[PDB]
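*Asks:* There's a structure below that I have some questions on.
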Amino acid sequence: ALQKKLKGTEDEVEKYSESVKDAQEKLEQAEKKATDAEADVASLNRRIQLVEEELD
Amino acid sequence: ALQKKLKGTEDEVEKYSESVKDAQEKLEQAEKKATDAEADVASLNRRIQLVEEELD
Amino acid sequence: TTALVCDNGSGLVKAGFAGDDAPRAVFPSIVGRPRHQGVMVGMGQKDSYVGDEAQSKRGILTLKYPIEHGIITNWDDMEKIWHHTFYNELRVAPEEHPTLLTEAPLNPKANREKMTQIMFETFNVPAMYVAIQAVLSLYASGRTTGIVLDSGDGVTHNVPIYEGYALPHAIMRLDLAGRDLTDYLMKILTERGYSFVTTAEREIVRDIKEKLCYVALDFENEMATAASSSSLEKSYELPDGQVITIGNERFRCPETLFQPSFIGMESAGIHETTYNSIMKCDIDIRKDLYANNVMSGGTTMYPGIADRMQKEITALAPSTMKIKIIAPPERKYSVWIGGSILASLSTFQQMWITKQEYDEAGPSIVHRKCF
Ligand SMILES: Nc1ncnc2c1ncn2[C@@H]1O[C@H](COP(=O)(O)OP(=O)(O)O)[C@@H](O)[C@H]1O
């Protein structure tokens, strides 16, 4: 007659799975655009530098 | 009986909440790197046309 | 006294002294020969250039890489390469210097045999040793466990190592590397109208690949994007002006490493061969290997390769193991760095093959645990 904690902790685990799902999902969603901006800067650095030498 | 599965369920509740915390931390750090990388890219990319027209 | 570390490889010879921090001499491992006749007497034109000399005289030569896929096919040009390295790049008498040589796994036995024989007869070194490129590349990374994915210019191999033990039954070698990517790029550059066929201009194509190409995180999305917009087109000026522009090709080319079918090969992609090599190891060590993917070799230097690699191998692996990819920013020289580290040791100073020993036991000594 002590199953209330069973139910409550099962639901705890379910909602924790939901939370980690959402969190890590949006997490990698962020890092995708992060590495996108990394390619952006790595590209435009080169571009600015070469056009700068052209200016020199 | 089921009390021991309840024990393990509480333990996994703990470690899953910990995963949620790590997820939020990496989320916030991702947004921080987002702001910083965006500042850098924007500061360094809007000027190509300057060197361009000058050498032009 | 000082030891030498000559990492031959295909495409790029990189040599230097043991204990240093970076190879002193680095130059393309090619041997050129003029293909016209020459008319100005008194020019004293030599008959065979080599290294950067040939790379500069490209316009009138025919270049021949003497190492096809990790294996040496033209021994005379390889001897020229070694001689030039010693006597001009390092400018050192090899008479009093133990030298460290590298080779890929699963090579012809006669390769290392004849290599040792030449090193002892022609150059007459005091001692030598042949090491596996992947082990050295692991040394340089300061690790002691983890699959190492070395992908040079000629060959690509995975070697899983744990606690300093190698699992040879899971070493997976694959013959797709930078040279094949260069050729595939030469091919698909036709469909824009650009035609490079000369062995000279294969080098131009290699430069284009080293500069512009990159790996796409999602191939289909990038394809559709390049279709829609034009934000991916980048230009490039050839050695005589006539700037060219390439679009889709930038990520079409290195995508081959993940879909070898593009060049008509049947083997699985890089990510998949890595995952298989993992699965062939004992279950108890798979998590560490998942955590310690190492990457070396110039071909692993594409922008974005580590991210795509991680995504794919994550898709293949379970969702509870943690996937990491150790891609240092100088990984192109990790083999030479690890070689210098190992040669500098003293616990290693008794693993050399002394010339006396070889004279006593013949070139078969190599395969013998005097490795
Ligand atoms: N920045 C780069 N981007 C893409 N590919 C590169 C880059 N630099 C070198 N490569 C490729 O890697 C090869 C050099 O790799 P390397 O490790 O020297 O091979 P090896 O070990 O056989 O000498 C070259 O043939 C070149 O095609």
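Lettering and numbering for the structure tokens are positional, with chains as A, B, ... in the shown order, residues counted from 1 in each chain, and ligands counted from 1 in the shown order.
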Hey, what's within 12 Å of residue B:16 if we count only C-alpha atoms and toss same-chain stuff fewer than 3 positions away? As a PDB file with N, CA and C atoms, in the first residue's frame, please?
*Replies:*
ATOM      1  N   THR A   9       7.014   9.216  -8.894  1.00  0.00           N
ATOM      2  CA  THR A   9       8.378   9.191  -9.404  1.00  0.00           C
ATOM      3  C   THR A   9       8.417   8.754 -10.865  1.00  0.00           C
ATOM      4  N   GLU A  12       7.615  11.914 -12.535  1.00  0.00           N
ATOM      5  CA  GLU A  12       8.859  12.673 -12.478  1.00  0.00           C
ATOM      6  C   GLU A  12       9.785  12.302 -13.628  1.00  0.00           C
ATOM      7  N   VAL A  13      10.014  11.003 -13.823  1.00  0.00           N
ATOM      8  CA  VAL A  13      10.919  10.553 -14.877  1.00  0.00           C
ATOM      9  C   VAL A  13      10.386  10.948 -16.249  1.00  0.00           C
ATOM     10  N   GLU A  14       9.078  10.799 -16.461  1.00  0.00           N
ATOM     11  CA  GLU A  14       8.486  11.167 -17.745  1.00  0.00           C
ATOM     12  C   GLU A  14       8.710  12.645 -18.049  1.00  0.00           C
ATOM     13  N   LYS A  15       8.354  13.516 -17.101  1.00  0.00           N
ATOM     14  CA  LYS A  15       8.507  14.946 -17.337  1.00  0.00           C
ATOM     15  C   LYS A  15       9.972  15.341 -17.461  1.00  0.00           C
ATOM     16  N   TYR A  16      10.871  14.635 -16.769  1.00  0.00           N
ATOM     17  CA  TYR A  16      12.292  14.927 -16.917  1.00  0.00           C
ATOM     18  C   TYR A  16      12.791  14.541 -18.301  1.00  0.00           C
ATOM     19  N   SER A  17      12.312  13.413 -18.828  1.00  0.00           N
ATOM     20  CA  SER A  17      12.621  13.058 -20.208  1.00  0.00           C
ATOM     21  C   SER A  17      12.116  14.117 -21.172  1.00  0.00           C
ATOM     22  N   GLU A  18      10.896  14.609 -20.957  1.00  0.00           N
ATOM     23  CA  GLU A  18      10.365  15.677 -21.801  1.00  0.00           C
ATOM     24  C   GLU A  18      11.252  16.917 -21.744  1.00  0.00           C
ATOM     25  N   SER A  19      11.661  17.305 -20.532  1.00  0.00           N
ATOM     26  CA  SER A  19      12.453  18.516 -20.363  1.00  0.00           C
ATOM     27  C   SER A  19      13.821  18.379 -21.018  1.00  0.00           C
ATOM     28  N   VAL A  20      14.496  17.242 -20.820  1.00  0.00           N
ATOM     29  CA  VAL A  20      15.792  17.070 -21.470  1.00  0.00           C
ATOM     30  C   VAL A  20      15.624  17.019 -22.978  1.00  0.00           C
ATOM     31  N   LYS A  21      14.561  16.379 -23.469  1.00  0.00           N
ATOM     32  CA  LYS A  21      14.288  16.393 -24.898  1.00  0.00           C
ATOM     33  C   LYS A  21      14.280  17.817 -25.427  1.00  0.00           C
TER      34      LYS A  21
ATOM     35  N   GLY B   8      15.386   2.970  -7.476  1.00  0.00           N
ATOM     36  CA  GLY B   8      16.059   3.269  -8.728  1.00  0.00           C
ATOM     37  C   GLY B   8      15.399   4.395  -9.499  1.00  0.00           C
ATOM     38  N   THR B   9      14.073   4.497  -9.408  1.00  0.00           N
ATOM     39  CA  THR B   9      13.351   5.545 -10.116  1.00  0.00           C
ATOM     40  C   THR B   9      13.659   6.910  -9.519  1.00  0.00           C
ATOM     41  N   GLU B  10      13.748   6.987  -8.194  1.00  0.00           N
ATOM     42  CA  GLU B  10      14.156   8.233  -7.559  1.00  0.00           C
ATOM     43  C   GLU B  10      15.582   8.606  -7.948  1.00  0.00           C
ATOM     44  N   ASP B  11      16.487   7.624  -7.963  1.00  0.00           N
ATOM     45  CA  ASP B  11      17.869   7.901  -8.351  1.00  0.00           C
ATOM     46  C   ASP B  11      17.946   8.434  -9.777  1.00  0.00           C
ATOM     47  N   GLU B  12      17.206   7.808 -10.693  1.00  0.00           N
ATOM     48  CA  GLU B  12      17.211   8.283 -12.068  1.00  0.00           C
ATOM     49  C   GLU B  12      16.544   9.646 -12.169  1.00  0.00           C
ATOM     50  N   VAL B  13      15.540   9.913 -11.331  1.00  0.00           N
ATOM     51  CA  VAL B  13      14.985  11.261 -11.230  1.00  0.00           C
ATOM     52  C   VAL B  13      16.089  12.264 -10.930  1.00  0.00           C
ATOM     53  N   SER B  19      20.806  16.201 -15.692  1.00  0.00           N
ATOM     54  CA  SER B  19      20.928  16.377 -17.135  1.00  0.00           C
ATOM     55  C   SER B  19      20.165  17.609 -17.609  1.00  0.00           C
ATOM     56  N   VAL B  20      18.974  17.847 -17.050  1.00  0.00           N
ATOM     57  CA  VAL B  20      18.217  19.051 -17.403  1.00  0.00           C
ATOM     58  C   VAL B  20      19.033  20.294 -17.080  1.00  0.00           C
ATOM     59  N   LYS B  21      19.669  20.305 -15.907  1.00  0.00           N
ATOM     60  CA  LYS B  21      20.468  21.460 -15.507  1.00  0.00           C
ATOM     61  C   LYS B  21      21.628  21.683 -16.467  1.00  0.00           C
ATOM     62  N   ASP B  22      22.363  20.613 -16.780  1.00  0.00           N
ATOM     63  CA  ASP B  22      23.460  20.732 -17.737  1.00  0.00           C
ATOM     64  C   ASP B  22      22.955  21.236 -19.082  1.00  0.00           C
ATOM     65  N   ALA B  23      21.761  20.793 -19.478  1.00  0.00           N
ATOM     66  CA  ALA B  23      21.181  21.225 -20.742  1.00  0.00           C
ATOM     67  C   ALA B  23      20.913  22.721 -20.737  1.00  0.00           C
TER      68      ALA B  23
END
*Asks:* Residues of chain B that approach chain A to 9 Å or less, counting only C-alpha atoms: could you list each one with the shortest pair of atoms and its distance in Å to one decimal, rows by chain and increasing residue number, as a tab-separated table?
*Replies:*
residue	atom	partner	partner_atom	distance
B:2	CA	A:6	CA	7.9
B:3	CA	A:6	CA	7.6
B:5	CA	A:6	CA	8.2
B:6	CA	A:6	CA	5.5
B:7	CA	A:6	CA	8.9
B:9	CA	A:9	CA	6.2
B:10	CA	A:9	CA	6.1
B:12	CA	A:13	CA	7.3
B:13	CA	A:13	CA	5.5
B:16	CA	A:16	CA	6.1
B:17	CA	A:16	CA	6.3
B:19	CA	A:20	CA	6.8
B:20	CA	A:20	CA	5.1
B:21	CA	A:20	CA	8.8
B:23	CA	A:24	CA	5.6
B:24	CA	A:23	CA	6.4
B:26	CA	A:27	CA	6.9
B:27	CA	A:27	CA	5.1
B:28	CA	A:27	CA	8.8
B:30	CA	A:30	CA	6.2
B:31	CA	A:30	CA	7.2
B:33	CA	A:34	CA	7.2
B:34	CA	A:34	CA	5.9
B:37	CA	A:37	CA	6.5
B:38	CA	A:37	CA	7.1
B:40	CA	A:41	CA	7.5
B:41	CA	A:41	CA	5.4
B:42	CA	A:41	CA	9.0
B:44	CA	A:44	CA	7.5
B:45	CA	A:44	CA	6.3
B:47	CA	A:48	CA	8.1
B:48	CA	A:48	CA	6.2
B:51	CA	A:55	CA	6.2
B:52	CA	A:51	CA	7.2
B:54	CA	A:55	CA	7.3
B:55	CA	A:55	CA	5.4
*Asks:* With chain B laid on chain A by least squares, using all C-alpha atoms in order, how large is the RMSD?
*Replies:* 1.9 Å
*Asks:* Just to confirm, what's the straight-line distance from atom CA of residue C:193 to atom 9 (C, counted along the ligand's line) of ligand 1 in Å (one decimal)?
*Replies:*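 Interatomic distance, atom CA of residue C:193 to atom 9 (C, counted along the ligand's line) of ligand 1: 25.2 Å.
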*Asks:* Between C:54, C:301, C:306, C:40, which has the minimum distance to ligand 1 (counting only C-alpha atoms and all ligand atoms)?
*Replies:* C:301
*Asks:* Given the choices C:229, C:245, C:151, C:310, which gets closest to chain A if the distance is worked out from only C-alpha atoms?
*Replies:* C:310
*Asks:* Between atom CA of residue C:195 and atom CA of residue C:48, what is the distance in Å, rounded to a tenth?
*Replies:*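 If I compute the distance from atom CA of residue C:195 to atom CA of residue C:48, I get 27.3 Å.
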*Asks:* Could you name the residues that touch residue C:215 at 8 Å or less, counting only C-alpha atoms, but leaving out those on the same chain fewer than 5 positions away, as a PyMOL selection string?
*Replies:* chain C and resi 251+254-255+302-305+308
*Asks:* How about saving the chosen residues, C-alpha atoms kept, as a CSV table (one decimal), in the first residue's frame?
*Replies:*
chain,number,residue,atom,x,y,z
C,251,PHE,CA,30.7,20.8,-50.8
C,254,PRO,CA,34.6,16.4,-50.0
C,255,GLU,CA,31.2,14.8,-49.5
C,302,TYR,CA,38.0,20.6,-44.2
C,303,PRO,CA,35.9,23.3,-42.6
C,304,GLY,CA,33.0,21.5,-41.0
C,305,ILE,CA,34.3,18.0,-41.2
C,308,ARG,CA,29.3,16.4,-39.8
*Asks:* Assign secondary structure with DSSP using the backbone only, and return the residues of stretch 154-357 of chain C in strand (DSSP E) as a VMD selection string.
*Replies:* chain C and resid 156 to 162 165 to 166 172 to 174 234 to 238 241 to 246 293 to 296 325 to 326 353 to 354
*Asks:* Which is closest to ligand 1 among C:296, C:261, C:267, C:225, if we use only C-alpha atoms and all ligand atoms?
*Replies:*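 Nearest to ligand 1: C:296.
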*Asks:* Work out how far atom CA of residue C:270 is from atom CA of residue C:107, in Å to one decimal.
*Replies:*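 Answer for the atom CA of residue C:107 to atom CA of residue C:270 separation: 19.9 Å.
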*Asks:* Closest to chain B among C:55, C:10, C:320, C:356, using only C-alpha atoms?
*Replies:*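 Closest to chain B, using only C-alpha atoms: C:320.
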*Asks:* I'd like to know which of C:286, C:234, C:206, C:187 is closest to ligand 1, using only C-alpha atoms and all ligand atoms.
*Replies:*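 Using only C-alpha atoms and all ligand atoms, ligand 1 sits closest to C:206.
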